[PDB]
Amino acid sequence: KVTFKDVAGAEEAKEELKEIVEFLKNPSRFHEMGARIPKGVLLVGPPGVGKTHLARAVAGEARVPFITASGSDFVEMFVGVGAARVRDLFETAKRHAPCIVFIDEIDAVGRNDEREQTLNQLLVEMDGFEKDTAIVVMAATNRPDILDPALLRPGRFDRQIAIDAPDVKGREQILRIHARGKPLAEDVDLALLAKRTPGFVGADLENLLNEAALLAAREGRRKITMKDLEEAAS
């Protein structure tokens, strides 16, 4: 249900992700034209910036499935098991093509037996892509420093899109979500909180709200005021 409309900002990202969108909607068109798409896009940027959200939106913008997983979980699994699932991930994916496959914390694999077996499996799976393969693999990373070099070779994640901290609207949206469940006072202006927290990321905001919630309860107050919010921040 997420489209590029539900994504605040990310001008270039969406621009660069159009070719992908178009392709997923009518892959047969691109097949007939003899055109080849990258099919391996890595979103690079800090945590709580909207990478999973943008990816999901890319699958929605093309009204196609969005199959996810986490390079982190794969590594958490017993050796052999992780690679077994990487296998299951792409198998299921081909079953439901076109669509998007989203591997999160891909540096879990890129950056130990488990980690190696999962990496090789992923690589073989991605190298097994034929032209007629209508799957676009999107991965996410915030630690590009540790990402394994092989993942970035042409044919794999040979395309990257940097993603920065959310804009004023994107900040307001996160605050609004996380504000859900909290007794805000009348003076609370979430739009304003959004305006005066430039640079903040998902965590900075999710936390600020919580800390603002503690000063409230810790002082016995039954409602978080704009003050608490402003204080919680510093």
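In case it trips you up, residue 1 is the first one in the sequence shown, and so on.
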Practice task
Using the PDB record, quantify the missing residues of the deposited sequence between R111 and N112 as none, 1 to 3, 4 to 9, or 10 or more.
Solution key: 4 to 9
Exercise for the section: Decide which of the stretches 129-137 and 74-82 has the higher mean C-alpha B-factor, going by the entry. Expected result: 129-137
Completion exercise
Entry B factor averaged over C-alpha atoms, 34-42 against 188-196: higher for 34-42
Practice task
Can you work out whether the C-alpha temperature factor of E116 puts it in the lowest, middle or highest third of the chain?
Solution key: lowest
Problem - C99 CA temperature factor, ranked by third within the chain - result: middle
Problem - Third of chain Cα B-factors occupied by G170 - result: lowest
Exercise for the section: Pull the Cα B-factor of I163 out of the PDB entry and bin it into the chain's lowest, middle or highest third. Expected result: highest
Problem - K182 CA temperature factor, ranked by third within the chain - result: highest
